[PDB]
Amino acid sequence: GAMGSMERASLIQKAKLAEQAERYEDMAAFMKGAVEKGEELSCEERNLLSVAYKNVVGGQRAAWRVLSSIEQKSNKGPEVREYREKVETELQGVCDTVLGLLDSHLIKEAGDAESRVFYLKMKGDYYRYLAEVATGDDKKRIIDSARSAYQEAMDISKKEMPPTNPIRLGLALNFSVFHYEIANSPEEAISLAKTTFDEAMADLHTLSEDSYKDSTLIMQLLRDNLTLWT
Amino acid sequence: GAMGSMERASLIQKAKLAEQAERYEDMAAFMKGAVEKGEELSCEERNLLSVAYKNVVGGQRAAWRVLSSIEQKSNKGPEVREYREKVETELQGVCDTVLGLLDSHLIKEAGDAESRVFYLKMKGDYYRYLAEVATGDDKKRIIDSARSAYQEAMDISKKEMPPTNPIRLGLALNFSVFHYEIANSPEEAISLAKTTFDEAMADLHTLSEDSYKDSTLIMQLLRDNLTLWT
Amino acid sequence: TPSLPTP
Amino acid sequence: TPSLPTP
Ligand SMILES: *Cc1ccc(-n2c(-c3ccc(OCCO)cc3)nc3ccccc32)cc1Br
Ligand SMILES: *Cc1ccc(-n2c(-c3ccc(OCCO)cc3)nc3ccccc32)cc1Br
């Protein structure tokens, strides 16, 4: 709504300025405005959208975990629960906003593997964040929504992208985290990380120096998780 | 307004939770609500108010400096200026909010030296932040408002507080920064820091170990600035 | 556990 | 120049 009067190019320009200023709420609002212009996003623009919202929700999640820990230790008056609930509702609202952008209409217009995988990974991630705070009748459905998004992304990535593609790698990293932290499936998490790492290692020989650097950065995160989990 | 229905004690409790969660915007809103209950603030509460707003405006100022630097290098379309202006207006609004709390009615009800000095120091600081971004007809008046607040605080502190009092020290630190960065008076800045440091050093013998630690922490900041400035 | 970081 | 920090 509020960004409706600003040029798409100006919104993208201001998102980049907001990133430099570490103003991630502004960054996200600018990128939401850009998405709502109705055009497909380029690779760079997709990454600006992702950075903005991941920083916003990352702060919310960190706050939620602090407050949830205090609340758990408490089990005084209603204030800890109320404030945890306030942060939770704000986080849920941001996740619903991102999911709404993906559904209206980024995913449906995304035909190339790179864009479709990127958006489905995001869909998995934001349902995952919803799952982290879920306790009601729809919690299993939230978890399944994350799983379904990640699984569609995985199926396309395996068919259409090399094993070293950074999006394919990051998707596998995050789906492995889903398995370990949300689905109570540590063995699946470990298997996925290990297979991803090994298949990427075997394809590094095909890469330029710059691509190598990108792929190996994410492989190291896989390895770091495998080290933590084993 | 929005915190009008919450108990004062609950607002203070939630400000502390917000601090632990690094949710400083929430912290500031909670403390604004507490101030608006109309009662005087205790020492601890005064410090919660200060921490909350200093974190909020500190982020805004950092963003403003990033954007102002980009704008200066640019001198492309209006977007850098517009977004710098947007951050500036938000910063001005936060400063006006704090100044409004001080004027309605924290300062007038503050009779003890410790509270009155604390609030007048805050008044100087927030006019100082207004001065950092000021360019219009009232810029000299903004600078003088900062100066006047700091000077009243200094006069009370010198009469009523020992030279090692942390508020007296922090006031001198910030007034010295005012002189160096805003009033184009580096010699006054250096004199103030040096005299403050030396008079505090001579009074350290009177302190407990815990008071000593507090006073010396701020003395070291004075010394650090003197080292930078000379 | 760590997921993909932001830059 | 640095002013008084926040905790
Ligand atoms: C989910 C996702 C995966 C990959 C990329 N991405 C990267 C890239 C991201 C992070 C990296 O390491 C992090 C730890 O050091 C390494 C590479 N490079 C890309 C190029 C093109 C498109 C996407 C890319 C982004 C994201 Br959001
Ligand atoms: C403006 C102001 C001055 C002093 C205090 N303050 C302190 C205190 C603040 C910061 C310190 O060091 C910072 C660098 O390490 C050391 C001490 N201690 C206090 C006790 C009681 C009242 C105020 C106090 C706060 C502020 Br906002």
Side-chain angles (χ1 to χ4, degrees), chain A residues 2-3 5-31 33-34 52 55-74 76-91 94 133, chain B residues 2-3 5-31 33-34 52 55-74 76-91 94 133:
Chain A
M3 302 292 179
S5 63
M6 201 174 318
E7 289 283 11
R8 191 183 187 286
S10 297
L11 290 167
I12 295 301
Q13 185 179 354
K14 291 181 181 179
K16 293 168 187 181
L17 291 173
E19 190 182 19
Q20 296 179 80
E22 292 182 20
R23 293 271 288 195
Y24 296 107
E25 182 175 300
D26 288 351
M27 194 186 181
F30 292 135
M31 287 313 302
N55 273 275
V56 171
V57 79
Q60 292 173 320
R61 287 165 69 213
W64 185 95
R65 287 187 304 261
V66 163
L67 302 169
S68 187
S69 175
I70 293 165
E71 187 179 11
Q72 289 319 301
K73 294 184 203 300
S74 81
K76 207 51 48 63
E79 295 85 356
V80 170
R81 173 188 57 75
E82 287 169 347
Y83 186 47
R84 186 271 298 157
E85 286 171 349
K86 180 192 191 295
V87 173
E88 189 172 294
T89 301
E90 291 190 13
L91 180 169
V94 172
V133 305
Chain B
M3 302 292 179
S5 63
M6 201 174 318
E7 289 283 11
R8 191 183 187 286
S10 297
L11 290 167
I12 295 301
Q13 185 179 354
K14 291 181 181 179
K16 293 168 187 181
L17 291 173
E19 190 182 19
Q20 296 179 80
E22 292 182 20
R23 293 271 288 195
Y24 296 107
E25 182 175 300
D26 288 351
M27 194 186 181
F30 292 135
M31 287 313 302
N55 273 275
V56 171
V57 79
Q60 292 173 320
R61 287 165 69 213
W64 185 95
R65 287 187 304 261
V66 163
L67 302 169
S68 187
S69 175
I70 293 165
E71 187 179 11
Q72 289 319 301
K73 294 184 203 300
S74 81
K76 207 51 48 63
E79 295 85 356
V80 170
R81 173 188 57 75
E82 287 169 347
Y83 186 47
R84 186 271 298 157
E85 286 171 349
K86 180 192 191 295
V87 173
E88 189 172 294
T89 301
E90 291 190 13
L91 180 169
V94 172
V133 305

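In the text below, chain A, chain B and the rest are named by the order of the sequence lines, each starting its count at 1. Computed from heavy atoms alone, side chains included, the values below leave out hydrogens, waters and symmetry copies.
Neither the backbone nor the side chain of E71(B) comes within contact range of chain A; no heavy atoms are under 4.5 Å apart. Proximity to chain A is limited to the side chain of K76(B), based on heavy atoms less than 4.5 angstrom apart. For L67(B), the part lying near chain A is the side chain, with the backbone staying farther off; criterion is any non-hydrogen pair under 4.5 Å.
For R65(B), the salt bridge (charged side-chain N to carboxylate O under 4.0 Å, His left out) criterion is met by no residue, not counting sequence neighbours.
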**OP:** Give the intermediate values and the outcome of side-chain contact (heavy atoms from CB on, under 4.5 Å) for residues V66(A) and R23(B).
**Re:** CA-CA 11 Å; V66(A) 163; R23(B) 293 271 288 195; over 6 Å; no

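For the atom pair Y83(B) OH and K16(A) NZ, the distance stands at 14.5 Å (nearest 0.5 Å).
Across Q20(B) and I70(A), no two heavy atoms sit closer than the pair OE1-CD1, 3.6 Å.
At a threshold of 4.5 Å between non-hydrogen side-chain atoms, the residues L17(A) and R84(B) do not count as touching.
More than 12 non-hydrogen atoms from other residues, nucleotides or ligands lie less than 6.0 angstrom from CD of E85(B).
At a heavy-atom separation below 4.5 angstrom, chain B is approached by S10(A), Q13(A), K14(A) within residues 5-14 of chain A.
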